[PDB]
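Visitor: This one is an experimental structure. Sequence first:
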Amino acid sequence: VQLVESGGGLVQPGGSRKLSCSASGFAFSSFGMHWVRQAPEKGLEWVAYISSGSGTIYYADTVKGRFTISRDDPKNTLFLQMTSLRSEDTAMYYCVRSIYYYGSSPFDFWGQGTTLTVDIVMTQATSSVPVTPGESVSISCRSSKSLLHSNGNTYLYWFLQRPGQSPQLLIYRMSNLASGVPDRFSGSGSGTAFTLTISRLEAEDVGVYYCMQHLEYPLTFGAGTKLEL
Amino acid sequence: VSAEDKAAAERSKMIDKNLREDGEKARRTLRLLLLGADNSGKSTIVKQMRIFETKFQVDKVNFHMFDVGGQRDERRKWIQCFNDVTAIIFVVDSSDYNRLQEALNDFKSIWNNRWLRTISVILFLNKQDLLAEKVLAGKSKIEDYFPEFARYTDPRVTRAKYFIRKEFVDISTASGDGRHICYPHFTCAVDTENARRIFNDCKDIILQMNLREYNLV
Amino acid sequence: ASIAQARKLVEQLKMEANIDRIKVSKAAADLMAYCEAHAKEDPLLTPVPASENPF
Amino acid sequence: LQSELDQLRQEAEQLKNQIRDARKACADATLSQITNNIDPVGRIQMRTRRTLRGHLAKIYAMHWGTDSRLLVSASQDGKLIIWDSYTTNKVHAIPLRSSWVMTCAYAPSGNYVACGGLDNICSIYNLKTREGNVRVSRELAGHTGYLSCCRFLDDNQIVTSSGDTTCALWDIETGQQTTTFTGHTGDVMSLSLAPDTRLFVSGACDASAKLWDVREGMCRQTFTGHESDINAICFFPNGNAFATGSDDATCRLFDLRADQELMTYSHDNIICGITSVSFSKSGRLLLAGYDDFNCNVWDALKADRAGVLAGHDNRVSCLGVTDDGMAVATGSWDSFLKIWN
């Protein structure tokens, strides 16, 4: 599995840019691809979405109409058309793979993001915690609506972003765990407030985590809970 | 309904679309079962081969003929898997009258089958090349192993060759009428209208089954 | 070829006969005990409430 | 066949009149003498709650997932489908190399699914992979007869029963042969692993079933109480009994410790044979899929029919209760799966 996209650079405002992703190493036609932006020092903001095949397109409100999403299945290619480079357009865009069937783990893989310079509110009140290594951490995030759906699963996702690394999946859909993720990771919480209680944290854990919802398709991001010393 | 549930439903819809796409291809072709004896030479019955299956098309219609192998001499449980084929090709060679009794008993067993009551058989009498040279000399006749192989209608070769057909049609029309009918043919090693005879039999089989399915017979 | 009988007269036959067997009563009124003790947790004998039932 | 066959043929029978005598000695009751005063389960009714359509050819096997939600259906169209019973969604559609498949099983962890048919090979598929698709994990060849029942012991070992009179256990990682259970004199049709997963039973076409020791390797006992082929078998939830579904229009059950036949479960008006059997959650209800497009529900203690499961226009070939006993997943030759209550 290897996802990559290219087409970054500098844009004079009012111009168009063809941003394309070169998927490789997996069944591309059976994966609903996404796109997630991130300003240089602000935080992730999901921008668009394409389903398996050519189904629903789910642009975000801030870029609706201005950006277009296209894919080319037989060559294993994904795109993101951009028009009218804006002031907030300066961000690093990521392509994240997800599949939706019973028991699947969406947002499992991300590609190394390219930088192109120029409404369920979820808040992580702590944007910086100096956590002593070896003991524990209790990263928390809260929402405005109850993520507990009728089918019985809350749709909160956790991610990890080490310096110089694409985001990686973490405890997803409340207390579920992804592949390649150590068993020390755990997280539970009710609707409107969640936690990320980790057991015996070690090195290579310092990074800015994120809390995203998946109930209503506008997928707001938390502020982030980057650690330190 | 959740967004993830919606995407799962769309994935399921694509799954049914792809599954239904293959249904047209599956229904277009015709399925045949090949069976007989070890000495029958069933493989060379279809000289144009193009579970040992073969895929031959004559008159631009495809047939998939399955030759079951490796299984024991029971056919009691794996024959309850082919009750959807167009016909069963029972190939028996008449080179020896010592085994024709066993062959006709096998045909009786497979024709009077509960799961094969509504499926027809096309009888291929393989190896008709040496029947002449076995009856032209007459050094060992069928009347040695049978009571009344002493009347039937080279003339001698044909009168000898039609008695086995009389016995087999007697077996076929002993029990079971209308639903399934045997198709006695005569096949050789160098004969070329073997697949043609198979096609000419299965078109009539389909015609009969459509007659029954439109209630005209 | 004394293998058809050997596996059928000293391997399987001589071993099947030498097995501790209990009277049928203690098995009949053990299946009975199991099914009586699991009547409340059997959602086909006693249908669950509609809300509880996921179908 | 020497003087040890005018001797060791009787001595192959001396242990048969001294076993039936031992067998018929420990019988001071029948099942309907201590299960007589228990009130009947009543006219058990069960409507269909979800009809899983989508298959084209006839269905031959159906296995429930351990999570009581997913199930895998095997049909003669060469396609394997993993379902979501709650929403009737199709999780996967795995094409098959051999269009003739008569077996299907779900791994207890849910990470694997096995299938096998006239190809005499059990192909084991990996469900959850980083690749994103379903591909074969192993190609378990080395068996001559057609496969008739596959059951997953663990995530790495599987037990298969074929038509060459041999039940036989593999190891998925190596793909080689660990133990071969021999002694049947006919095509083995069914298999039912015990809840403790240290024993299993299998019914062949010799009117006899054998309880095998999967750890050790030899048949503990043989159960002869039928007169035709045994094409169905299932294990009691308590692990001390099991039921045989035979094609002689009757379905008997046996007790492992008693080593006898307890009841017959036969009706005079029923002539068609049985295809599949299963106990629901406590062994009181014995679901049995028959050949006349029906599936009777038997009060096991009382040997009386509690209900019928009509709704299939072709013969029922698959029958399985879920782990929590909340539903049934009967599937028939009409290419339609059905979920009852």
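Guide: Yes, it's here. Numbering: from 1, shown residues only, chains lettered A, B, ... in the order given.
Visitor: ok, which stretches of chain B are helices?
Guide: For chain B, the helices defined by DSSP state H occupy B:3-28, B:100-111, B:129-135, B:155-172, B:194-213.
Visitor: Residue A:218 looks like it's in a strand, true?
Guide: No. Under DSSP: H, G, I helix; E, B strand; the rest coil, residue A:218 falls outside any strand and is assigned coil.
Visitor: Assess the claim that it and residue A:61 are in contact.
Guide: Yes. Using CB atoms under 8 Å, residue A:218 is in contact with residue A:61, at 6.7 Å. Using the backbone N, CA and C atoms, a C-beta is placed for each residue, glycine as well.
Visitor: Of these two, which one has the most company?
Guide: The neighbour count for residue A:218 versus residue A:61, taken as other CB atoms under 10 Å in any protein chain shown, is higher for residue A:218 (13 against 7).
Visitor: which ones are touching the nearest residue to the more buried one once chain neighbours are set aside?
Guide: In space, and not counting its chain neighbours, residue A:218 is closest to residue A:119: 5.8 Å by CB to CB, 6 or more residues apart in numbering or on different chains. Listed by CB atoms under 8 Å, 6 or more residues apart in numbering or on different chains, the contact set of residue A:119 reads A:61, A:218, A:220.
Visitor: Kindly indicate which of the residues you listed lies nearest chain C.
Guide: If you rank those by distance to chain C using CB to the nearest CB, residue A:218 comes first, at 29.3 Å.
Visitor: That closest one: what's it in contact with?
Guide: Applying CB under 8 Å, 6+ apart, the residues near residue A:218 are A:46, A:60-61, A:119-120.
Visitor: hmm, stretch B:106-125 touching chain D?
Guide: No. Stretch B:106-125 is not in contact with chain D by CB under 8 Å from any CB of the partner chain; minimum separation 9.9 Å.
Visitor: buried ones in that stretch?
Guide: B:106-107, B:110-111, B:113, B:116, B:119-125 (16 or more other CB atoms under 10 Å in any protein chain shown).
Visitor: Straight-line length of it, end to end?
Guide: Stretch B:106-125 has an end-to-end distance of 14 Å (CA to CA, to the nearest Å).
Visitor: surely residue B:127 meets residue B:93?
Guide: Yes. At 4.0 Å, residue B:127 counts as touching residue B:93 under the criterion of CB under 8 Å.
Visitor: which neighbours do the two share?
Guide: With CB under 8 Å, 6+ apart as the test, residue B:127 and residue B:93 both reach residue B:41.
Visitor: So these two - more neighbours on which side?
Guide: Higher neighbour count among residue B:127 and residue B:93: residue B:93, with 25 against 21, using other CB under 10 Å.
Visitor: how far away is that one from residue B:171?
Guide: Distance, residue B:93 to residue B:171, using CB to CB, to the nearest Å: 17 Å.
Visitor: Tell me which residue in chain C sits closest to chain B.
Guide: residue C:54 (14.2 Å).
Visitor: Helix or strand: which one has that residue?
Guide: Assigned by DSSP states H and E, residue C:54 falls within no helix or strand.
Visitor: wait, what's in contact with the closest residue to it other than its chain neighbours?
Guide: Computed as CB to CB, 6+ apart, the closest residue to residue C:54 that is not its neighbour in sequence is residue D:86, at 5.9 Å. Applying CB under 8 Å, 6+ apart, we find residue D:86 in contact with C:54-55, D:69.
Visitor: Out of the residues you listed, who's the most crowded?
Guide: Most surrounded of the contacts of residue D:86: other CB under 10 Å gives residue D:69, at 21 neighbours.
Visitor: Quick one: residues contacting that residue.
Guide: Per CB under 8 Å, 6+ apart, neighbours of residue D:69: A:102, D:84-86.
Visitor: what separates it from residue D:82, distance-wise?
Guide: From residue D:69 to residue D:82 the distance is 10 Å (CB to CB).
Visitor: Ok, residue B:73 next?
Guide: Taking CB to CB, one finds residue B:73 at 37 Å from residue D:82.
Visitor: Could you check which of the two is surrounded by more residues?
Guide: A direct count of neighbours by other CB under 10 Å for residue B:73 and residue D:82 places residue D:82 higher, at 26 against 6.
Visitor: which SS state does the more buried one fall under?
Guide: Assignment for residue D:82 (three-state DSSP): strand.
Visitor: Next up, the contacts around it.
Guide: Taking CB under 8 Å, 6+ apart as the test, what residue D:82 contacts is D:70-72, D:90-92, D:94, D:113, D:127.
Visitor: and with 7 Å instead?
Guide: D:70, D:72, D:91-92, D:113 (CB atoms under 7 Å, 6 or more residues apart in numbering or on different chains).
Visitor: got it, and residue A:25?
Guide: Residue A:25 is in contact with A:1-2, counting by CB under 7 Å, 6+ apart.
Visitor: Residue D:323 versus the most centrally placed residue in chain C, what's the distance?
Guide: Geometric centre of chain C, nearest residue: residue C:31, 7.9 Å, by CA atoms, centre = their mean. Residue C:31 is 20 Å from residue D:323, where distance means CB to CB.
Visitor: Tell me the secondary structure at the most centrally placed residue in chain A.
Guide: Nearest to the mean C-alpha position of chain A, by CA atoms, centre = their mean, lies residue A:36 at 5.8 Å. What three-state DSSP gives for residue A:36 is strand.
Visitor: wait, isn't it in contact with residue A:96?
Guide: Yes. With contacts counted by CB atoms under 7 Å, residue A:36 reaches residue A:96, the gap being 5.7 Å.
Visitor: Find the nearest non-adjacent residue to the residue in chain A that chain B sits nearest to, please.
Guide: As assessed by CB to the nearest CB, chain B sits closest to residue A:100 within chain A, at 3.5 Å. Among residues not flanking residue A:100 along the chain, residue B:7 sits closest, at 3.5 Å (CB to CB, 6+ apart).
Visitor: list the contacts for that neighbour?
Guide: Residue B:7 touches A:32, A:51, A:100, counting by CB under 7 Å, 6+ apart.
Visitor: Contact residues of chain D facing chain B?
Guide: Applying CB under 7 Å from any CB of the partner chain, one finds that chain D approaches chain B through D:54, D:56, D:77, D:79, D:89-90, D:93, D:100, D:118-120, D:144-146, D:163, D:187, D:189, D:205.
Visitor: let's see it at 8 Å
Guide: So far as CB under 8 Å from any CB goes, chain D lies against chain B at D:54-58, D:76-77, D:79, D:81, D:84, D:87-93, D:98, D:100, D:102, D:118-120, D:144-146, D:148, D:163-164, D:186-187, D:189, D:205, D:229, D:231.
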